[PDB]
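K.L.:
The listed protein sequences derive, respectively, from chains A and B.
According to UniProt numbering, the first sequence is numbered sequentially starting from 8.
According to UniProt numbering, the second sequence is numbered sequentially starting from 9.
What follows is a single structure, and I will ask about it in a moment.
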Amino acid sequence: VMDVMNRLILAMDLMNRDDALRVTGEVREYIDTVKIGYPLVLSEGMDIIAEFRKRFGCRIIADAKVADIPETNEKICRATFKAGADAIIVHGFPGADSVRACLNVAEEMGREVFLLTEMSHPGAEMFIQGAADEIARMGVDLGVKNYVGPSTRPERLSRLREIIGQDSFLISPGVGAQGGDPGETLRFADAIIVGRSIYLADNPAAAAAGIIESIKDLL
Amino acid sequence: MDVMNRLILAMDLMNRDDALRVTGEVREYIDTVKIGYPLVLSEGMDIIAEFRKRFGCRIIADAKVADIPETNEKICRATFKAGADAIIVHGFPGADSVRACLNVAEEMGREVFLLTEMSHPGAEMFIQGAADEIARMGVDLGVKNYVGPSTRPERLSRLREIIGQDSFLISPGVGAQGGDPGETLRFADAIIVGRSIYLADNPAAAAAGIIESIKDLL
Ligand SMILES: O=c1cc(O)n([C@@H]2O[C@H](COP(=O)(O)O)[C@@H](O)[C@H]2O)c(=O)[nH]1
Ligand SMILES: O=c1cc(O)n([C@@H]2O[C@H](COP(=O)(O)O)[C@@H](O)[C@H]2O)c(=O)[nH]1
Numbered sequence: 008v009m010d011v012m013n014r015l016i017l018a019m020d021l022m023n024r025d026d027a028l029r030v031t032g033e034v035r036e037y038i039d040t041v042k043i044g045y046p047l048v049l050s051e052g053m054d055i056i057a058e059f060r061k062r063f064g065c066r067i068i069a070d071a072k073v074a075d076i077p078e079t080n081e082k083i084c085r086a087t088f089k090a091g092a093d094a095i096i097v098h099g100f101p102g103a104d105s106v107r108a109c110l111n112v113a114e115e116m117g118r119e120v121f122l123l124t125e126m127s128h129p130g131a132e133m134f135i136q137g138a139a140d141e142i143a144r145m146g147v148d149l150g151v152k153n154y155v156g157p158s159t160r161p162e163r164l165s166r167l168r169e170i171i172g173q174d175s176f177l178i179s180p181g182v183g184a185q186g187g188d189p190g191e192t193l194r195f196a197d198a199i200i201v202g203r204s205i206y207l208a209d210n211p212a213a214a215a216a217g218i219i220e221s222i223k224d225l226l
Numbered sequence: 009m010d011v012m013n014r015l016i017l018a019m020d021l022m023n024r025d026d027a028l029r030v031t032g033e034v035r036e037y038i039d040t041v042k043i044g045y046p047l048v049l050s051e052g053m054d055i056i057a058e059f060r061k062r063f064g065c066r067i068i069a070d071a072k073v074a075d076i077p078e079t080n081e082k083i084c085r086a087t088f089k090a091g092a093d094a095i096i097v098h099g100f101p102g103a104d105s106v107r108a109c110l111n112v113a114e115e116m117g118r119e120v121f122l123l124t125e126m127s128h129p130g131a132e133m134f135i136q137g138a139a140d141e142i143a144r145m146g147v148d149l150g151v152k153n154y155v156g157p158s159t160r161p162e163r164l165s166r167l168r169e170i171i172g173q174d175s176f177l178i179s180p181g182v183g184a185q186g187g188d189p190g191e192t193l194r195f196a197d198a199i200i201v202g203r204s205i206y207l208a209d210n211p212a213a214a215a216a217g218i219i220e221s222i223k224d225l226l
């Protein structure tokens with residue numbers, strides 16, 4: 008599994024190049040793994056992934072939440088990996104063929120899929136939550152090794168960890184701004200995803216350092 | 009929304025030259041183009057402005073928006089800034105995520121299309137069982153535009169029943185995936201067509217053929 012520095016992944020959702028690069032540069036001593044999603048990619052182009060690799064030599068997880076038919080999923084993954092992403096995040100709710108399409112591209116291109124099971128926001132309770140255990144089980148059956156689950160629901164995160172096993176890799180967003188606790192989340196997740204509580208801070212480096220200090224005994 | 013010939017081109021070619029050429033070849037037949045991530049992630053969001061400059065077509069951005077409310081807001085803002093007239097949003101992630109997109113759309117004078125049931129076989133696993141409720145959710149939220157599957161006309165018909173005849177319904181899965189243009193237009197206002205046109209030996213003849221086959225419905 009990827010070796011995430013300090014068990015902390017930056018969710019870089021700032022939407023202009025200059026700010027995104029500044030903030031990522033400021034926290035680079037603490038974090039070697041950056042999640043780049045559509046807020047930044049749609050604002051600045053897929054070439055932003057190349058710029059981050061060039062400037063920081065950080066791993067990049069492309070947060071695409073791939074959620075299309077298999078044929079379109081294949082195209083999305085191919086374009087994303089071509090750009091230099093180490094891994095891509097894929098929704099499980101559109102079903103097994105859609106996931107398998109992404110896995111097939113990732114295998115061909117020598118990259119990784121992360122399967123998003125249950126989401127962290129309140130709306131996730133309407134439809135996703137009731138499907139999530141089965142989505143995880145589907146991931147296990149398809150041979151998925153990397154997963155995403157919600158910090159905001161420790162009981163659900165615990166269950167997802169059970170389903171996927173200790174050997175699978177699990178990352179968890181919802182820490183900080185959405186109310187999840189770093190240490191508690193790391194009881195089950197290999198790494199925590201943190202966006203706003205770092206990138207909106209007066210001093211992002213201090214904010215990251217503070218989160219790390221708070222989980223020091225878990226590193 | 010007034011879609012020419014009830015036909016929306018899904019332009020999923022992944023290089024600028026081919027995408028522009030093929031769209032140009034069928035431009036006389038359409039005034040609405042769906043542009044998605046295969047093209048946008050390969051060529052940049054600036055491609056949307058280029059389509060508007062070249063073709064003066066309506067643009068539906070196929071983002072399958074499926075994030076938390078805060079991120080959904082950002083995705084919609086970026087997408088509408090690029091000149092999209094409308095955006096496709098998943099209903100599965102729940103009401104707050106949809107409302108986030110509705111808020112931005114209202115602010116920028118654009119439209120949200122709510123994707124209810126999808127057209128591929130995998131949709132049967134989780135989406136299909138939620139789809140009626142997702143549609144009702146759309147109605148509750150005041151959503152006027154919907155997307156449902158050409159590949160399952162009985163499910164498409166049910167979706168039409170739920171949203172009413174006043175709502176606008178577009179439908180992919182026509183051609184390559186097995187859906188029939190005419191049958192689909194019994195229930196949808198417009199059909200979405202990608203490969204059957206853009207992979208055809210002659211895209212223009214392909215579009216012309218499709219339109220001929222639904223001539224009585226226009
Ligand atoms: O269930 C999920 C899955 C996500 O990818 N995310 C993503 O993780 C990040 C959370 O950022 P923040 O720490 O600012 O709440 C955002 O990029 C969001 O899109 C999430 O919040 N919940
Ligand atoms: O349920 C759905 C929803 C979609 O947006 N789509 C999209 O509609 C288009 C279908 O293209 P095609 O005619 O080549 O099958 C693709 O862009 C696909 O991503 C779909 O096929 N099924």
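We treat Cβ as the ideally placed atom computed from N, Cα and C, and that holds for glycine.
(1) Are the beta-carbon atoms of residue 236/A and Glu119/A separated by less than 7 Å?
(2) Which residue wins for smallest C-alpha separation from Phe88/A, given the options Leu49/B, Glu132/B, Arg66/B?
(3) What number of angstroms, rounded off, separates the C-alpha of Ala86/A from the C-alpha of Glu220/A?
(4) What first and last residue would you give for the beta strand (DSSP E) that runs through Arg66/A?
(5) List the residues of chain A whose Cβ lies closer than 8 Å to the Cβ of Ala131/B, in chain order.
(6) I think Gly102/B touches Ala131/A, with their Cβ atoms under 8 Å apart; what is that distance to the nearest whole Å?
(7) Where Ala212/A and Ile68/A are concerned, what is the direct C-alpha to C-alpha distance, given to the nearest angstrom?
(8) Kindly say whether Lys82/A, judged by its beta-carbon, lies nearer than 7 Å to any beta-carbon of chain B.
(9) Listing by chain order, which chain B residues have their CB less than 7 Å from the CB of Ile76/A?
(10) So is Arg14/B buried or exposed if we call it buried at 16+ other beta carbons inside 10 Å?
(11) Assess, as a yes-or-no matter, whether the segment 96 to 111 of chain B is touched by the segment 41 to 59 of chain A under the definition of 3 or more beta carbon pairs within less than 8 Å.
(12) So what's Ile16/B in DSSP terms, helix, strand or just coil?
(13) For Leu49/B, decide whether its Cβ has a neighbour in chain A, counting only Cβ atoms nearer than 7 Å.
(14) Please list the partners that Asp20/A has in chain B, where partner means a Cβ-to-Cβ separation under 9 Å.
(15) For chain B, is any of its Cβ atoms less than 7 Å away from the one on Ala86/A?
(16) Does the separation of the CB atoms of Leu177/B and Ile222/B fall below 7 Å?
(17) Using the beta-carbon of each residue, which ones in chain A are nearer than 7 Å to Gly172/B?
(18) Considering only their Cβ atoms, is the gap separating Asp75/A from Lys72/B smaller than 7 Å?
(19) Since I believe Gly202/A is in contact with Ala18/A (beta carbons under 8 Å), could you give me their beta-carbon distance rounded to a whole number of angstroms?
(20) Relative to the C-alpha of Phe59/B, which residue among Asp70/B, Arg24/B, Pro157/B, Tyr45/B is closest?
(21) State the start and end residues of the unbroken beta strand (DSSP E) segment that holds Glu119/B.
(22) Considering only the beta carbon of each residue, do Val182/B and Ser158/B sit closer than 7 Å?
(23) In chain order, what residues of the segment 131 to 155 of chain A put their CB closer than 8 Å to some CB of chain B?
(24) Keeping to the same chain, check which residues put their C-beta closer than 8 Å to that of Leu167/A; ignore five residues upstream and five downstream.
(25) Mapping the DSSP letters down to three states, classify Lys152/B as helix, strand or coil.
(26) Starting from the Cα of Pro161/B, find the closest Cα among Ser179/B, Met145/B, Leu149/B and give me that residue.
(27) Span of the beta strand (DSSP E) holding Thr40/B?
(28) Would you mind sorting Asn80/B into buried or exposed? The rule is 16 or more other CB atoms within 10 Å of its CB.
(29) Return the first residue and the last residue of the beta strand (DSSP E) that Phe176/B is part of.
(30) How would you list, in chain order, the residues of chain B whose beta-carbon sits under 7 Å from the beta-carbon of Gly52/A?
(31) DSSP three-state call for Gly137/A: helix, strand or coil?
P.N.:
Judging by the given coordinates:
(1) Because chain A in this structure spans residues 8 to 226, residue 236/A falls outside the shown range and cannot be described.
(2) When only C-alpha atoms are compared, the closest one is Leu49/B.
(3) CA-CA distance, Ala86/A to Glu220/A, rounds to 38 Å.
(4) 66 to 73 is the extent of the beta strand (DSSP E) around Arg66/A.
(5) Per Cβ cutoff of 8 Å: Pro101, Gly102.
(6) Beta-carbon to beta-carbon, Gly102/B and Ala131/A are separated by about 6 Å, close enough to satisfy the 8 Å threshold.
(7) Roughly 20 Å between the two C-alpha positions.
(8) By this cut-off, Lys82/A is an interface position.
(9) Against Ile76/A, the close residues of chain B are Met126, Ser127, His128, in the order they occur along the chain (beta-carbon pairs closer than 7 Å).
(10) It is buried - the Cβ of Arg14/B has at least 16 other Cβ atoms within 10 Å.
(11) Counting C-beta pairs with one atom in each stretch, the segment 41 to 59 of chain A and the segment 96 to 111 of chain B have fewer than three that are closer than 8 Å, which means they do not touch.
(12) If DSSP states are grouped into helix, strand and coil, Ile16/B belongs with the strands.
(13) Chain A contact via Cβ: present.
(14) Those within 9 Å of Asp20/A in chain B are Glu78, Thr79, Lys82.
(15) Cβ-Cβ to chain B under 7 Å: yes for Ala86/A.
(16) Contact check for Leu177/B against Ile222/B fails: the beta carbons are separated by 7 Å or more.
(17) Those within 7 Å of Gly172/B in chain A number zero; the least Cβ separation is about 22 Å.
(18) Taking C-beta atoms as the reference points, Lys72/B and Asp75/A count as a pair closer than 7 Å.
(19) Taking C-beta atoms under 8 Å as the contact rule, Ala18/A and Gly202/A qualify, at a distance of about 3 Å.
(20) Taking only the C-alpha atoms, the option nearest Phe59/B is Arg24/B.
(21) In the DSSP assignment, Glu119/B falls within the beta strand (DSSP E) that extends over 119 to 123.
(22) Yes, these two residues count as a Cβ contact at 7 Å.
(23) Those would be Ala131, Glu132, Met133, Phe134, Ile135, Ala138, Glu141, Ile142, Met145, in chain order.
(24) So the qualifying residues of the chain are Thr124, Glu125, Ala139, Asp140, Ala143, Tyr154, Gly156, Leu177, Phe195.
(25) Reduced to three states, the DSSP call for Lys152/B is coil.
(26) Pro161/B has its Cα closest to that of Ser179/B, out of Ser179/B, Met145/B, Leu149/B.
(27) Note, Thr40/B: beta strand (DSSP E), 40 to 44.
(28) Buried.
(29) From DSSP, the beta strand (DSSP E) with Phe176/B extends over 176 to 179.
(30) Within 7 Å Cβ-Cβ: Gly52.
(31) Helix.
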